[PDB]
Amino acid sequence: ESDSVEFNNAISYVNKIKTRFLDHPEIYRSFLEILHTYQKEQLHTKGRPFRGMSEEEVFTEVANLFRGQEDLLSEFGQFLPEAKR
């Protein structure tokens, strides 16, 4: 992974977010907190052994984060476990 093509899809997604919410730094960060929280769910080392945040409720805040940016909400399906789709 010198050239991370899959990562570039992720980066384009993120860079676009950066720009699209360039005037609104909080939204960028609100999303980051979801993905950060999402990671604490995916790992077994977490606050409490429980299945916290399910993908659909994850997507809920993410869709809510970028309400109006359907592109981002659609590319998120590629950033997510594509194997499910």
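Chemist: A description of the nonpolar core should follow, citing residues and the corresponding values.
Modeler: Most often, soluble globular proteins have nonpolar side chains that are buried together. The biggest cluster of nonpolar side chains holds 17 residues, and the ones touching the most others in it are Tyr13, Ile17, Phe31, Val62 and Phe66. Only helix 1 (5-20), helix 2 (25-42), helix 3 (55-65) and helix 4 (70-79) provide two or more residues apiece to this core.

Chemist: I'd like to hear about helix 1, residue by residue, with values.
Modeler: For helix 1, with 16 residues, the first-to-last C-alpha span of 22 Å sits near the 22 Å given by 1.5 Å per residue. Residues of helix 1 that are buried include every one of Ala10, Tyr13 and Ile17, and no others. What you see down the axis of helix 1 is that its buried residues fit within an arc of 60 degrees, all on one side. As for helix 1, its buried residues are in contact with helix 2, helix 3 and helix 4.

Each value, and the rule that gives it
Residues numbered from 1 in each chain as written, not as in the entry; some residues may be left out. Heavy atoms only, no water. Core = buried A, V, L, I, M, F, W, Y, C linked by side-chain atoms within 4.5 Å. Buried < 20%, exposed > 50% of the residue type's maximum accessible area, 1.4 Å probe, protein only. Helix = DSSP H or I, 4+ residues; strand = E, 2+ residues; numbered from the N terminus. Expected span 1.5 Å × (residues − 1). Arc of directions from axis to C-beta. Contact = heavy atoms within 4.5 Å.

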